[PDB]
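Heads up, the thing below is written out as structure tokens.
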Ligand SMILES: C[C@@H]1COCCN1c1cc([C@]2(O)C[C@H]3CC[C@@H](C2)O3)c2cnn(-c3cc[nH]n3)c2n1
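Residue numbers (the entry's author numbering), protein chains in the order written: chain A, 1258 to 1272, 1281 to 1431, 1440 to 1601, 1619 to 1870, 1876 to 2644; chain B, 1674 to 1812; chain C, 1952 to 2089.
Have a look at this one:
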């Protein structure tokens, strides 16, 4: 309202992005009507500030944190009970757009799920409070019925009688709720109804005449059980709720679990059997097969399966904590035995069957996985059921996971299932038609045939196709109409759309709803238009509500959130059509960049965009639809299947565009025939850019630059095109578009490719070449950041290598050194210029590499490196100092001098940096002193105040400059996207998020157990949060920190822009900061413990534990035969170590939905990290270093010291690629490796083979990082760097580079006999997995790796 | 374009491929369909045929190409249902496309559909139709 | 009866996915002609022989299989069908390639390897002529 300015002023007295956070806090408010206004205002804000949010959305690969928190709380709004807000947020999410779930970051916002707080017993206070809540929640609703109100009032008496407090439990009562019991505090009340025996009626209750009603069944069975229980206090508590039960079913819901618990406590054997028979009656009763009254029996079966599931989960948990109490007498033992026998009475397979019937797919999978592994059922018999499960859960990794397990040949129906899950449409329609020929009476087959025909874009043959079966089967005409409708509006034949819509309105399918919206848009019907719009927007929210439960919720519901952005674009593209003045504020060009880079997300958006551009008929709205066809072609050629891409190309060629030819070339290039593609391109370039007419104008110059670049790229594969021809092509590209990263970058790449062969690997003649190289690499960096990981590290490597070679030749006193000296002069001059143009954050990437060369021998090269490092420090001092301080405290004197030099230059360049550095050094100094202090005897805890008084003191000074806690979320850069912010970069923010500062430490200091004892310290952040951190006393972090940077780089590739994101592949990166070469501080991953401790704990619970002397019996000398080693392994270590890890899963994650969506993440995480470890040569993966997130199931790898097959140099060679034993296999599930794991190892390897160039480039610098002690340090008598080099070079650096490149390439080089070595593709994954689970290889591992474990 | 029509009629596909490679201009849709027919590829030919049907609905050549490709793919029952849909859309074109229908029927061994599509169809010289006649009369 | 399996394996090895081809042919040769009881049929014998030979070739294609196992599979192909040109011929060819690596390009050590090669190639030319232009020259 207008007159809020004074109120805004007084609120600011108490106090865009600001407005957004206030709106968020308004959404989080409990009041519905508050939320309504808040969300309306927020939607208007988004529509108004679109062009700013779009900047906030696509500024960088990761959106600003405000947008992430916003989308999280909006997804929380979809769980809101009010329909109005959930629609208003169908609108709230569509306004912002279905951003790429990679561009989001839910880690800080998906921090919910405390769960916990078991309700074990009614006598316990937990159930007391829960039953009070049951006594009130609709006691507010029983005020209309006297006996209902009196009943809960009487139950208040019996509850408050035992639970009166005059007082901590009385305070636990809410003030209003305890006020509700105030009229019945202790005033005695009569019974509200009479007592009727439920045992008199025939059993089972669920079947006959009492079960047929849900609440009636619950009350009747509950009263029967009350007559069956023996705990007298429990009997009273259940009788007082008995009257309560005949009034509402939710009291049965809350108490029936504990009711069955107390039954199992005291009951006869035949009583238990009657109860179990009632359970089986609930389970085997499918509502569809029984013939009786409906609408109460169907919902009865549904809700009854649901409530028996909840109570059985409570029981399952009841038995778990019961075993815990037995670990914590005979009567408790007897209750444990009774509940265990009760649970085992029910067949787990029956549980899974019932859950699948009730659409509880996660419950079904959990119960079935427990079923097969426990009851030892052969898997191949239950296979088809498992495929049905994974197909229902839309988890393709299961289905394609099942096939590899299937021994028998796949049935036709299962062939259809496979073709449906994994999308291979060309082969799918053939399978559908074969099924039809086998079985034409069915309908799902014809549903499929038309479906694939839709995907391939044969739209015209679709509508004609459906009419065929329509004439043959008119009854199939209406459910088949939805496909017919889809093609119609996709064909934009609204007349036929009208015929098909008036033909049937009884279809709700998404395509039909789109068709209705579009028809109403054409024949302008504003009111019915918006009516149907709200209708469909609500329709999409319904499934998005259940999927919004925060377990990677956004990605699972992204398909729907696409539809919400779909509808938002639809709406904002129609309101102009209705008002006519008013134009859409949408930036369609940028609204697509945000969309996930996969066909199953982009294509439906572009389909509707084309439909709307058919509705809106502007003079340019005939090439715009052509451009949209072209864009769908681009995304399809990106997403594999080329047929749809080519069909779109056809539907686009009518538009006159030179981009058409670039896209046709790229598509032909995706097929592989570079020759045909280059031919078509050269033909197109001549057509659209005749050389007699310069195209220096408008979009034409851009398209022509792109086309010329594509020709220059093509020319490099076909070995016919001479070098200088490619040279001229790239030079012409540069001359065309001199403000463009791709041109200069690819030209420099070709330069570096030509260099070593033209100059015969003779560095002296390479000066001018390197000059051109670093000239174009830098200018490339000046206009974009798409390839910075390829360009910048390569540039720096080349320049510093040439400098080192010049220094060396100067000492060789050779003839070439002088011209090479002034050449190096030119090169460092160009580097200086780049330093003057580039932004600092660009150099912030690969900053560890810059530091790795500060001991550079050449002095002036070091001066330029000085000028570089200073610029980064001056702009980002905190993030710089952390990676720096390890060098500051290094043992090498020359390294120390160079670090002092760079710090002195920095403080000379800025003054407050002096205070910052002076504080941080002392801070790192006292932290070092901490890491080095010997443990006080054996006490596991230490008081920092008592021991490290100066440490606590230093942070306590106010003048102590706030130091940023080195978290991996604040040591990793965040580049800007190709578009937007890099049009105005050097102002881009490379660390978006709330920097937390060291405000203090917790006086407690844990000390873990290791050969060298790590010391955990907690850091009280300036925000108030506490982040744990551990000193590693004797390890060289330089290597582990450099590897963690590389893993973060991988996460950059993985998290965004892949199918990998769906599987939520994510390498667990935690900060690793060296404080000294000897001492490092490692960010603690909270909620985790080592694998071996986990399993040992599990084995103890089973009592089985093979002894240490038995271990000594197992170990044999290496000279002993391999076969007998294997026989010892098999016959002793295997049976004394059955696979238990699934028990750990069921324990840590009892909630079935969470259990699955966790274990699924375990397979994915261990697969991804194992794969990264293979192509990294990660070694020494003994069962202690793997350790798992006890909240999500991912695994965190630690102690990366053994790198690049450095386990082969171990006394016991490390044969296996990655730690994958039979126990870890069991945790994956009964499917084993062949399930999600292999499919997760496949996509990771594909992403590796794709991003080879950035990863290989960065790793090349890592392998050349001289700071890490590749070999152990020569003692102080003779420094390994001699104190003159300050560096150590790796002799096996080139061997490591070659081997790693080979592993990425996919050539194994395993057999010294087989030499042809055709590179493998995904059979690489199969070979690796066969290389892990192999018993022969596992056995040769020294028991330190614990292969048995 | 005329040279392409000629080489196509002379059933010399290499000539059509040459006329393709010579074209400095963009091939029109009809020339594209001719090129796909000569090159023999099926899926992309179906794509072009559907593009044409969307462009010219009142055509029997494009529908014939679409159904012939569908028959080539081996989507026999789909071919039959598609021919039936075209029949419902136009009863006058069914006589032209009935040969694909009876070819699929004989292939699918639906002798009932064979005799049915043979009774409705007039005298046709298509090898598929005569083969269906011989096969049915052999049943 | 393994004919569909072998043909699907050939279709895959043609498409380029040699890994899927090898795994499918292995699953086939497992399901049909299981290793518990040999294929007594003379027709099933020829089919299991073609399967063993195709698996040997597919193994030769990829590099993850050890040379000894490939030699063994080819020997099994020679055994289960001792009257097929293919088989003897392909095994001679495999031992032919393996010879330069085994003998380390030392003709002195090549002796018995050359003997085995020539024996297998002659046996191959005996029962057929489909490689009489590739066998007899070598
Ligand atoms: C989850 C925790 C805290 O979270 C961060 C990762 N991490 C650990 C944990 C461990 C250990 O549990 C392994 C064994 C058992 C007891 C003791 C500590 O030695 C190590 C070892 N090396 N590293 C290194 C080295 C470089 N980076 N990390 C460790 N990091």
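Idealized CB from N, CA, C, for every residue including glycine.
How would you label residue i, buried or exposed, when you count the other beta carbons within 10 angstroms and need 16 or more for buried?
i              : result
residue 2353/A : buried
residue 1260/A : exposed
residue 2282/A : exposed
residue 1887/B : The structure shown does not extend to residue 1887/B, since chain B is modelled only from 1674 to 1812, so the question has no answer here.
residue 2089/A : buried
residue 1732/A : exposed
residue 1734/A : exposed
Taking C-beta to C-beta, are residue i and residue j nearer than 8 Å?
i              : j              : result
residue 2042/A : residue 2006/A : no
residue 1338/A : residue 1293/A : yes
residue 2201/A : residue 2169/A : yes
residue 1710/B : residue 1718/B : yes
residue 1754/B : residue 1759/A : yes
residue 1775/A : residue 1810/A : no
residue 1576/A : residue 1487/A : yes
residue 2435/A : residue 2177/A : no
residue 1772/A : residue 1797/A : yes
residue 2383/A : residue 2462/A : no
residue 1635/A : residue 1680/A : no
residue 1485/A : residue 1382/A : no
residue 2310/A : residue 2325/A : yes
residue 1756/A : residue 1770/A : yes
residue 1437/A : residue 2052/A : Chain A lacks coordinates between 1431 and 1440, the interval that contains residue 1437/A.
residue 2535/A : residue 2360/A : yes
residue 1957/C : residue 2014/C : no
Return the bridge partner residues of residue i from the DSSP annotation.
i              : result
residue 2484/A : 2383/A
residue 2315/A : 2295/A, 2321/A
residue 1357/A : Looking at the DSSP assignment, residue 1357/A forms no beta bridge with any residue, so it has no partner.
residue 2378/A : 2324/A
residue 2236/A : 2301/A
residue 2491/A : 2482/A
If contacts are defined as beta-carbon pairs under 8 Å, then residue i and residue j qualify, I think. What distance do you get, rounded to the angstrom?
i              : j              : result
residue 2218/A : residue 2164/A : So it is not a contact: roughly 21 Å between Cβ atoms.
residue 2633/A : residue 2528/A : Actually they do not touch by this definition, with Cβ atoms about 14 Å apart.
residue 1525/A : residue 1492/A : 6 Å
residue 1728/A : residue 1702/A : 6 Å
residue 2622/A : residue 2603/A : 7 Å
residue 2450/A : residue 1656/A : 6 Å
Is residue i close to ligand 2? I mean its beta-carbon at under 7 Å from any heavy atom of the ligand.
i              : result
residue 1505/A : Looking at this structure, you won't find ligand 2 anywhere; what it does contain is ligand 1.
### Task
With a floor of 4 residues, list each alpha helix (DSSP H) that falls wholly inside the region 1822-1858 of chain A, ordered by position along the chain.
1843-1846
### alpha helix (DSSP H) runs contained entirely in the region 2118-2187 of chain A, provided each spans 4 or more residues
2135-2139, 2142-2147, 2154-2170, 2172-2183
### Query
Hey, which unbroken runs of the alpha helix (DSSP H) at 4 residues or more fall wholly within the region 1639-1727 of chain A?
1651-1665, 1673-1682, 1686-1693, 1702-1711
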